[PDB]
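Heads up, the thing below is written out as structure tokens.
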Amino acid sequence: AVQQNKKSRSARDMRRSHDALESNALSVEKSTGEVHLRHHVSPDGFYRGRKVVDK
Amino acid sequence: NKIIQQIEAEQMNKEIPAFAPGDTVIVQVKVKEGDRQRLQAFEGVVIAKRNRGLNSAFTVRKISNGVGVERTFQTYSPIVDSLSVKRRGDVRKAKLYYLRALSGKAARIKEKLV
Amino acid sequence: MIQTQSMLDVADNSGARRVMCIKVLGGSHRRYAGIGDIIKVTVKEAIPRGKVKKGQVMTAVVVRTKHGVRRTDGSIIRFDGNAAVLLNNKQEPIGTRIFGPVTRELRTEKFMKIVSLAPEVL
Amino acid sequence: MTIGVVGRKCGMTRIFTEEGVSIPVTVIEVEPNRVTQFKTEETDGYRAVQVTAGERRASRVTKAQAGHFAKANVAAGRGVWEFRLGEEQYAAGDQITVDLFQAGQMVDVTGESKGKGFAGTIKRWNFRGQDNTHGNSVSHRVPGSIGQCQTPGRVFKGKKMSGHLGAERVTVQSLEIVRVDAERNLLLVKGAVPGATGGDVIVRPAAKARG
Amino acid sequence: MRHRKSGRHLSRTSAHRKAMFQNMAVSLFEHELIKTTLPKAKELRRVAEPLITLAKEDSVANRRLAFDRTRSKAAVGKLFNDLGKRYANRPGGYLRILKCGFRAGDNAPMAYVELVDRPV
RNA sequence: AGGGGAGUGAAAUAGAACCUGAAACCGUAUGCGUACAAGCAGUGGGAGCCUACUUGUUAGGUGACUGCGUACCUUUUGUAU
RNA sequence: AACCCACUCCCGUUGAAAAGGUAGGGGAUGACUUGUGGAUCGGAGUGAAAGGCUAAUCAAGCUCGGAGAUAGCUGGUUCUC
RNA sequence: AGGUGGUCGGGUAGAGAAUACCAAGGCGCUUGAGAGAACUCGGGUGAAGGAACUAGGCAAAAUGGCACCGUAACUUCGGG
RNA sequence: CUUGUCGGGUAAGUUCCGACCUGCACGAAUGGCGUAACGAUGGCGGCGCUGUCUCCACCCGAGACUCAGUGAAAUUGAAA
RNA sequence: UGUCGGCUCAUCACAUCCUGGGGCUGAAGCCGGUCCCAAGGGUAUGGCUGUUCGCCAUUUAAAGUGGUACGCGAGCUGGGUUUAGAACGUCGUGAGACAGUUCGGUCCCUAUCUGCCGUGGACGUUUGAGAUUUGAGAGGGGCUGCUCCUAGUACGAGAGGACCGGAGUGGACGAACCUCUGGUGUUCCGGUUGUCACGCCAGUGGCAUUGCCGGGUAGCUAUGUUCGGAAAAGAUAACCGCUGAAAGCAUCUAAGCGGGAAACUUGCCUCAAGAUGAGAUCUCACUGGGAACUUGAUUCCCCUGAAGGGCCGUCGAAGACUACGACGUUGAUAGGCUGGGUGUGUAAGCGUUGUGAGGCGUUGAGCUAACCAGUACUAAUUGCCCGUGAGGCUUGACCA
Ligand SMILES: [Mg+2]
Ligand SMILES: [Mg+2]
Ligand SMILES: [Mg+2]
Ligand SMILES: [Mg+2]
Ligand SMILES: [Mg+2]
Ligand SMILES: [Mg+2]
Ligand SMILES: [Mg+2]
Ligand SMILES: [Mg+2]
Ligand SMILES: [Mg+2]
Ligand SMILES: [Mg+2]
Ligand SMILES: [Mg+2]
Ligand SMILES: [Mg+2]
Ligand SMILES: [Mg+2]
Ligand SMILES: [Mg+2]
Ligand SMILES: [Mg+2]
Ligand SMILES: [Mg+2]
Ligand SMILES: [Mg+2]
Ligand SMILES: [Mg+2]
Ligand SMILES: [Mg+2]
Ligand SMILES: [Mg+2]
Ligand SMILES: [Mg+2]
Ligand SMILES: [Mg+2]
Ligand SMILES: [Mg+2]
Ligand SMILES: [Mg+2]
Ligand SMILES: [Mg+2]
Ligand SMILES: [Mg+2]
Ligand SMILES: [Mg+2]
Ligand SMILES: [Mg+2]
Ligand SMILES: [Mg+2]
Ligand SMILES: [Mg+2]
Ligand SMILES: [Mg+2]
Ligand SMILES: [Mg+2]
Ligand SMILES: [Mg+2]
Ligand SMILES: [Mg+2]
Ligand SMILES: [Mg+2]
Ligand SMILES: [Mg+2]
Ligand SMILES: [Mg+2]
Ligand SMILES: [Mg+2]
Ligand SMILES: [Mg+2]
Ligand SMILES: [Mg+2]
Ligand SMILES: [Mg+2]
Ligand SMILES: [Mg+2]
Ligand SMILES: [Mg+2]
Ligand SMILES: [Mg+2]
Ligand SMILES: [Mg+2]
Ligand SMILES: [Mg+2]
Ligand SMILES: [Mg+2]
Ligand SMILES: [Mg+2]
Ligand SMILES: [Mg+2]
Ligand SMILES: [Mg+2]
Ligand SMILES: [Mg+2]
Ligand SMILES: [Mg+2]
Ligand SMILES: [Mg+2]
Ligand SMILES: [Mg+2]
Ligand SMILES: [Mg+2]
Ligand SMILES: [Mg+2]
Ligand SMILES: [Mg+2]
Ligand SMILES: [Mg+2]
Ligand SMILES: [Mg+2]
Ligand SMILES: [Mg+2]
Ligand SMILES: [Mg+2]
Ligand SMILES: [Mg+2]
Ligand SMILES: [Mg+2]
Ligand SMILES: [Mg+2]
Ligand SMILES: [Mg+2]
Ligand SMILES: [Mg+2]
Ligand SMILES: [Mg+2]
Ligand SMILES: [Mg+2]
Ligand SMILES: [Mg+2]
Ligand SMILES: [Mg+2]
Ligand SMILES: [Mg+2]
Ligand SMILES: [Mg+2]
Ligand SMILES: [Mg+2]
Ligand SMILES: [Mg+2]
Ligand SMILES: [Mg+2]
Ligand SMILES: [Mg+2]
Ligand SMILES: [Mg+2]
Ligand SMILES: [Mg+2]
Ligand SMILES: [Mg+2]
Ligand SMILES: [Mg+2]
Ligand SMILES: [Mg+2]
Ligand SMILES: [Mg+2]
Ligand SMILES: [Mg+2]
Ligand SMILES: [Mg+2]
Ligand SMILES: [Mg+2]
Ligand SMILES: [Mg+2]
Ligand SMILES: [Mg+2]
Ligand SMILES: [Mg+2]
Ligand SMILES: [Mg+2]
Ligand SMILES: [Mg+2]
Ligand SMILES: [Mg+2]
Ligand SMILES: [Mg+2]
Ligand SMILES: [Mg+2]
Ligand SMILES: [Mg+2]
Ligand SMILES: [Mg+2]
Ligand SMILES: [Mg+2]
Ligand SMILES: [Mg+2]
Ligand SMILES: [Mg+2]
Ligand SMILES: [Mg+2]
Ligand SMILES: [Mg+2]
Ligand SMILES: [Mg+2]
Ligand SMILES: [Mg+2]
Ligand SMILES: [Mg+2]
Ligand SMILES: [Mg+2]
Ligand SMILES: [Mg+2]
Ligand SMILES: [Mg+2]
Ligand SMILES: [Mg+2]
Ligand SMILES: [Mg+2]
Ligand SMILES: [Mg+2]
Ligand SMILES: [Mg+2]
Ligand SMILES: [Mg+2]
Ligand SMILES: [Mg+2]
Ligand SMILES: [Mg+2]
Ligand SMILES: [Mg+2]
Ligand SMILES: [Mg+2]
Ligand SMILES: [Mg+2]
Ligand SMILES: [Mg+2]
Ligand SMILES: [Mg+2]
Ligand SMILES: [Mg+2]
Ligand SMILES: [Mg+2]
Ligand SMILES: [Mg+2]
Ligand SMILES: [Mg+2]
Ligand SMILES: [Mg+2]
Ligand SMILES: [Mg+2]
Ligand SMILES: [Mg+2]
Ligand SMILES: [Mg+2]
Ligand SMILES: [Mg+2]
Ligand SMILES: [Mg+2]
Ligand SMILES: [Mg+2]
Ligand SMILES: [Mg+2]
Ligand SMILES: [Mg+2]
Ligand SMILES: [Mg+2]
Ligand SMILES: [Mg+2]
Ligand SMILES: [Mg+2]
Ligand SMILES: [Mg+2]
Ligand SMILES: [Mg+2]
Ligand SMILES: [Mg+2]
Ligand SMILES: [Mg+2]
Ligand SMILES: [Mg+2]
Ligand SMILES: [Mg+2]
Ligand SMILES: [Mg+2]
Ligand SMILES: [Mg+2]
Ligand SMILES: [Mg+2]
Ligand SMILES: [Mg+2]
Ligand SMILES: [Mg+2]
Ligand SMILES: [Mg+2]
Ligand SMILES: [Mg+2]
Ligand SMILES: [Mg+2]
Ligand SMILES: [Mg+2]
Ligand SMILES: [Mg+2]
Ligand SMILES: [Mg+2]
Ligand SMILES: [Mg+2]
């Protein structure tokens, strides 16, 4: 099955009105001042005020 | 389920002497034909046993008149007036469903003497 | 439960050994016959000088079934085979003896005769 | 109907009578209900009573709800339900227990049925399948035809298709009360009740009833 | 439907799953800290923590039972000698899971799994 | 990789895929319109708003609301077909 | 069994494949299967014969010429008054 | 996932170059991670019936080895 | 004509088997009538067996679904 | 513009097959015939044949007649029919033919728009928010047998055998559920074959369709369990009337007043204020300055952001993704741990007996998924973003 008519410029842009992206929840580790993902270990290696992996 | 266990616990007062699959038991069932109250005996080997508190059940098999018959009893039902173990058998399994394909000398259960 | 083309043996001395169900009576689109249910059978195998013949269409009542029958307390009674009793035009047994046990739900108004003839009632 | 209680489905059990009969029974715990608001002809239009049961944390109760539960000194419970009463008098603060029911007393039970996710036409509408052999091509549980040709030439509204055997509300009518346990706050009802264990159920006198 | 069922299929046969989690448990007891996928880490704690509890008492039958579940002499040696003695008074929860972002290759969520009282 | 400056040149939006660089097609910014409304999407009437300036019998941009209105070619006695 | 074949179902049909795959199936010391080299061809060859095969093309191969064959038949035919 | 001539070809079971688990040797097949709807594909188990299915027992299920006993009509005297 | 008529097989048989002869329109090397063995050959009937079916249920893998990367196709006068 | 029949799924008409209500009868009763009203719900399984049909067998209350591209192949099939092979009869000298037989013979498409079944995002509902609701409207449902009592009564010479009214138990269909009866249960426990490995013995593990098997928890599930169709009211259809003239009588009608059916409107269940006519009730939150005007439902700047919502995390009998529901340390949300329960069925090691396989004891042992109860041991942070600052105007009545 295929279209009998080609879609218009407006018609295919209304379908894409739901394609936007959402942002993530970011937090600032107050001990260091570093931005990280919420509930995740920072790229440095801190979580909730403690060293976990130390690179 | 904590309070369902208490509903069921008030209905469990019968004694129910211990028995095992493979045992030969005699069950006294209550029959109420008309207004009279008599007891009928059902004797056979216990092939299965279901241990679920008030929902306990067991199955006994016998050869009546050349026809095999199996009855599943609800242990705590008032229909089961009493129970007695005529003989004890020596088996390795919990369910003896293989006995249905054996007829005569092949379906004999060895006895547990000790 | 019995349906069309189920094979079941005879609990009588009417001369038939095997009968085959060809109709389950008592209702449109009815599917199964249990203990105490009337069916329509055809004789598939018979004794040389019995009182029924091979290829004969007649009425029977189911007396003993493999599926079983359940009681009011939850218990169930099962047998190792399906058996029937052949009936005449006025719904009475054709044979004079009955072989094997029967069940207490056969003690209706019209089947009390075959309950009394059975060696055992369960 | 017109008055009832809100309970929780505890599960199923059995009781044996002295004659040797097993009764299938559903156990319903009815924590005592507290009257939160009474509605009359003049104040609200229709006429009903508002009820809450259970408990909720202080942190899960909003300020709008907390002040509603403080006009009637009731304390917060889980959920709020309403019963449309014919002609009864209640005040904000009364208790409603298992005591308005007795043995006998055909009742109706409402609940949220168990949810199947996305069901096909065989399970949802009791359709019958095509052949499993004899040359069938990848069309064993498919619905089949859904309409007719040029005439109307569309699908009629209400056509039975697949999707979401629901977690809907359903009522079961004319169930018999077997036992009322006043000190344990239990209703024993003969039969099955919609929902799973721990769900919310509403018990009311049978609408039809009669016989 | 899946009502009240436990366990993840993880797109593997049940024989593949048994071997894979048996490999992770041996690695965790030796390296004391591993990095894996978040769904896999949440299924590993139902396999490796029963093994630590089993090792809290030393006997021939227990060391045989541990070997049948981890076919590794070193892993059975690490238990019954270091673990189980370290966690003698700890009533459960011998390991910890911490989310640590996503992989570049497939954007798979990742987590760390480590024992609670590492000597480091 | 690609850029931002600096330099050469009369001219780098002449920078090597290098004269000029149109159309289809894809974007960013501004103005007006558009979420109770039925159809060849225009045409006749027409309020409101915005811009410019000659400050309203003006010019430009939008077009709420409303009357009328079933593409083009070919082939045919005859096509919205 | 290998090897040669191709009777059935299903899948696949925009295929992994312009004829396959998984399950089953037939012959399997012979009128057998197969490698290398060679001979016969376009009104001609070859054919345990199906009008089959002759380079994914066969009731007369492909290629280049006669050649812009002929087409009472379809289609199209471009600015203005 | 096609086709392609010839040579070598171990151990334990096995008549065997079948088949299964291994050796020497080689590989995990160039998108992954989740979750566990309908439906499709390839499979496992199924109460009581047992061909009622269908154009048709299609498909599936079933049988299956070695030794010994025993084996009908018919026959071209081999067979079956 | 025709599902000819009779018999058998089935509870019920336009198919099958045995006959009848009224051969629309058989017939003797475009061979006639039989025939053991043989056939991935056509028709019919039984035993066993079964999810073929009454009437479907549960379970296991690969897709379908969501996330990250790459990235087609037939079709299309214009569409409020 | 794919042509028969079958399967799956349907929708409408009434010229009604059953059930419902009536008139006449050459209607004693039980049964019938015919006509009128009525479309709510129902309305077989097989043997033969490619068959629709038909004929048979056995049921049922009944096995209705038609329209929908003789409904339905971008839903399935491919037996019939109409390609290419082969044969029979007949026709033709022949190539060949037959609307005559017979055997064999490839059924493609990832759904754009309308449509339909589910499930969301945005905005609106005139300050915003948490919760509970009314019901304009719309869907679902509506079937029926047999037995017993009335009563062997009415009726009838007898045989036979009721209306009206009441009680029980079935078939088919539908919903919910898992206490029971079972199925499944490659996540639990055992038996066993071949082979490889853990140094070896013992004991275990990989592979062989889960290697093959025997059981089986939770969940799901039917074949298991429970429930349902109503009663009742209103307005009527055919039909039966009361009173009553025109037309001194008669007459259901012209005025007026009744009875009357599974059809219609309610009553039973579900959805339902996007019902833009966007409804109602309870409670909660916000009570600061300045500047420019194109001087009021205006714009800009500083301060202040509440009630609440979301992101995120731990999950769920909720689920395609969503949405919905519970919880986030002041916590039992998930995992573990501790007890129990359930299933399987007497582990290992050791000691005895035996030349050995094996037996016996310690021992109903050991192991045990999803279940029940408890317990902060592990994971749910100490966060960010939206949402503001008292809610226009006109008219009337109360009020000061
Ligand atoms: Mg289109
Ligand atoms: Mg077109
Ligand atoms: Mg649109
Ligand atoms: Mg998109
Ligand atoms: Mg449900
Ligand atoms: Mg669910
Ligand atoms: Mg079917
Ligand atoms: Mg096919
Ligand atoms: Mg195909
Ligand atoms: Mg298939
Ligand atoms: Mg179509
Ligand atoms: Mg139309
Ligand atoms: Mg439908
Ligand atoms: Mg769980
Ligand atoms: Mg395996
Ligand atoms: Mg310069
Ligand atoms: Mg330029
Ligand atoms: Mg230039
Ligand atoms: Mg260029
Ligand atoms: Mg130049
Ligand atoms: Mg240029
Ligand atoms: Mg351009
Ligand atoms: Mg744009
Ligand atoms: Mg713009
Ligand atoms: Mg409107
Ligand atoms: Mg508008
Ligand atoms: Mg439109
Ligand atoms: Mg104008
Ligand atoms: Mg203008
Ligand atoms: Mg206009
Ligand atoms: Mg206009
Ligand atoms: Mg117009
Ligand atoms: Mg024309
Ligand atoms: Mg024409
Ligand atoms: Mg046109
Ligand atoms: Mg015209
Ligand atoms: Mg056109
Ligand atoms: Mg080869
Ligand atoms: Mg196959
Ligand atoms: Mg093959
Ligand atoms: Mg072969
Ligand atoms: Mg041969
Ligand atoms: Mg050669
Ligand atoms: Mg040559
Ligand atoms: Mg030529
Ligand atoms: Mg030919
Ligand atoms: Mg060539
Ligand atoms: Mg070729
Ligand atoms: Mg010329
Ligand atoms: Mg030319
Ligand atoms: Mg033309
Ligand atoms: Mg070898
Ligand atoms: Mg062998
Ligand atoms: Mg091999
Ligand atoms: Mg090697
Ligand atoms: Mg995956
Ligand atoms: Mg799956
Ligand atoms: Mg399948
Ligand atoms: Mg199977
Ligand atoms: Mg099983
Ligand atoms: Mg079965
Ligand atoms: Mg079993
Ligand atoms: Mg069976
Ligand atoms: Mg059989
Ligand atoms: Mg048949
Ligand atoms: Mg049939
Ligand atoms: Mg076959
Ligand atoms: Mg097979
Ligand atoms: Mg023979
Ligand atoms: Mg003929
Ligand atoms: Mg004939
Ligand atoms: Mg005949
Ligand atoms: Mg046949
Ligand atoms: Mg001659
Ligand atoms: Mg001839
Ligand atoms: Mg002959
Ligand atoms: Mg041959
Ligand atoms: Mg033959
Ligand atoms: Mg037959
Ligand atoms: Mg993607
Ligand atoms: Mg078409
Ligand atoms: Mg159908
Ligand atoms: Mg109509
Ligand atoms: Mg009519
Ligand atoms: Mg008529
Ligand atoms: Mg009728
Ligand atoms: Mg009628
Ligand atoms: Mg009449
Ligand atoms: Mg009707
Ligand atoms: Mg009808
Ligand atoms: Mg209707
Ligand atoms: Mg109607
Ligand atoms: Mg009605
Ligand atoms: Mg039929
Ligand atoms: Mg029929
Ligand atoms: Mg046929
Ligand atoms: Mg119709
Ligand atoms: Mg018409
Ligand atoms: Mg017609
Ligand atoms: Mg048609
Ligand atoms: Mg039709
Ligand atoms: Mg098709
Ligand atoms: Mg068709
Ligand atoms: Mg198709
Ligand atoms: Mg179409
Ligand atoms: Mg299709
Ligand atoms: Mg054909
Ligand atoms: Mg065919
Ligand atoms: Mg031909
Ligand atoms: Mg001739
Ligand atoms: Mg063939
Ligand atoms: Mg043919
Ligand atoms: Mg359209
Ligand atoms: Mg209404
Ligand atoms: Mg509407
Ligand atoms: Mg209605
Ligand atoms: Mg309706
Ligand atoms: Mg009714
Ligand atoms: Mg019916
Ligand atoms: Mg039912
Ligand atoms: Mg159901
Ligand atoms: Mg159950
Ligand atoms: Mg259970
Ligand atoms: Mg070794
Ligand atoms: Mg050993
Ligand atoms: Mg082994
Ligand atoms: Mg290996
Ligand atoms: Mg197995
Ligand atoms: Mg086997
Ligand atoms: Mg088993
Ligand atoms: Mg098992
Ligand atoms: Mg089982
Ligand atoms: Mg279960
Ligand atoms: Mg009169
Ligand atoms: Mg009068
Ligand atoms: Mg008068
Ligand atoms: Mg009047
Ligand atoms: Mg609203
Ligand atoms: Mg509102
Ligand atoms: Mg707040
Ligand atoms: Mg909320
Ligand atoms: Mg979830
Ligand atoms: Mg939430
Ligand atoms: Mg606590
Ligand atoms: Mg817990
Ligand atoms: Mg435990
Ligand atoms: Mg136990
Ligand atoms: Mg022992
Ligand atoms: Mg031991
Ligand atoms: Mg063991
Ligand atoms: Mg002992
Ligand atoms: Mg135990």
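Numbers restart at 1 for each chain; the letters A, B, ... are given by sequence-line order, proteins then strands.
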Going by the rule side-chain hydrogen bond (donor to acceptor under 3.5 Å, both in side chains), which residues pair with C:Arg30 if we only count those two or more places apart in sequence or in a different chain? C:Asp37
Got a list of protein N/O to nucleotides 26-32 of chain F N/O distances below 3.5 Å?
from, atom 1, to, atom 2, distance (Å)
F:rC26, OP1, A:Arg12, NH2, 2.6
F:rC26, OP2, A:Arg9, NH1, 3.1

Closest approach to the side chain of E:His9, judged atom by atom: which nucleotide of I:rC60, J:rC337, I:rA78 is it? I:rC60
Are the six-membered base rings of J:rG105 and J:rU106 centred less than 5.5 Å apart, with their planes inclined by less than 30 degrees? no
Pairwise P distance for J:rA218 and J:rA373, with rounding to whole Å: 16 Å
What's the closest nucleotide to the side chain of C:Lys66 if the choices are H:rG49, J:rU225, J:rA69? H:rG49
Donor-acceptor list for residues 60-69 of chain E side chains, cut-off 3.5 Å, not counting sequence neighbours:
from, atom 1, to, atom 2, distance (Å)
E:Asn62, ND2, E:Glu57, O, 3.3
E:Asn62, ND2, E:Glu57, OE2, 3.4
E:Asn62, ND2, E:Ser59, OG, 3.2
E:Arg63, NH1, E:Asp58, OD1, 3.0
E:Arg63, NH1, E:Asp58, OD2, 2.7

Stacking between J:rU353 and J:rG354, judged by six-membered ring centres under 5.5 Å and planes under 30°? yes
What's the closest nucleotide to the side chain of B:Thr72 if the choices are J:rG182, J:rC282, J:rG71? J:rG182
Strictly by side-chain hydrogen bond (donor to acceptor under 3.5 Å, both in side chains), give each pair with a member in residues 11-31 of chain A just once, sequence neighbours left out. A:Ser27-A:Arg38, A:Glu29-A:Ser31
Taking the minimum atom-to-atom distance to the side chain of B:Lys95, which one of J:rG216, H:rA48, J:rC177 wins? J:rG216
Can you give me the N/O atom pairs linking the protein to nucleotides 76-80 of chain J at distances under 3.5 Å, or say none if there are none?
from, atom 1, to, atom 2, distance (Å)
J:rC76, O2', D:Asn136, ND2, 3.3
J:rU77, OP1, D:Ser137, OG, 2.8

For nucleotides 112-116 of chain J, which of its nitrogen or oxygen atoms have a protein nitrogen or oxygen under 3.5 Å away, and what is each distance?
from, atom 1, to, atom 2, distance (Å)
J:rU112, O3', A:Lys7, NZ, 3.3
J:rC113, OP1, A:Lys7, NZ, 3.3
J:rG115, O2', D:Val155, N, 3.0
J:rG115, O2', D:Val155, O, 2.9

Considering residues at least two apart in sequence or located in another chain, which fulfil the side-chain hydrogen bond (donor to acceptor under 3.5 Å, both in side chains) criterion with D:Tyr46? D:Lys39, D:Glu82
5'-to-3' dot-bracket of RNA chain I (Watson-Crick, G-U; under 3.5 angstrom; crossing pairs as [ ]; | other strand): ...(((((.......)))))............................|..|||.||||||||.||||........|...
Report the residues that fulfil side-chain hydrogen bond (donor to acceptor under 3.5 Å, both in side chains) with D:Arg56, sequence neighbours left out, ordered by chain and then residue number. none
Does E:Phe21 reach the side chain of E:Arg46, with side-chain heavy atoms less than 4.5 Å apart? no
Expected string for nucleotides 307-317 of chain J under the B/S/- scheme (protein heavy atoms, under 4.0 Å, primed atoms plus P, OP1, OP2 as sugar-phosphate) is SS--BBSSS-B
Considering only nitrogen or oxygen atoms on both sides, find all protein atoms under 3.5 Å from nucleotides 205-209 of chain J and state each distance.
from, atom 1, to, atom 2, distance (Å)
J:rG205, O4', E:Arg71, NH1, 3.3
J:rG206, OP1, E:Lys18, NZ, 3.1

side-chain hydrogen bond (donor to acceptor under 3.5 Å, both in side chains) involving E:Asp117 - partner list, sequence neighbours excluded: E:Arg90
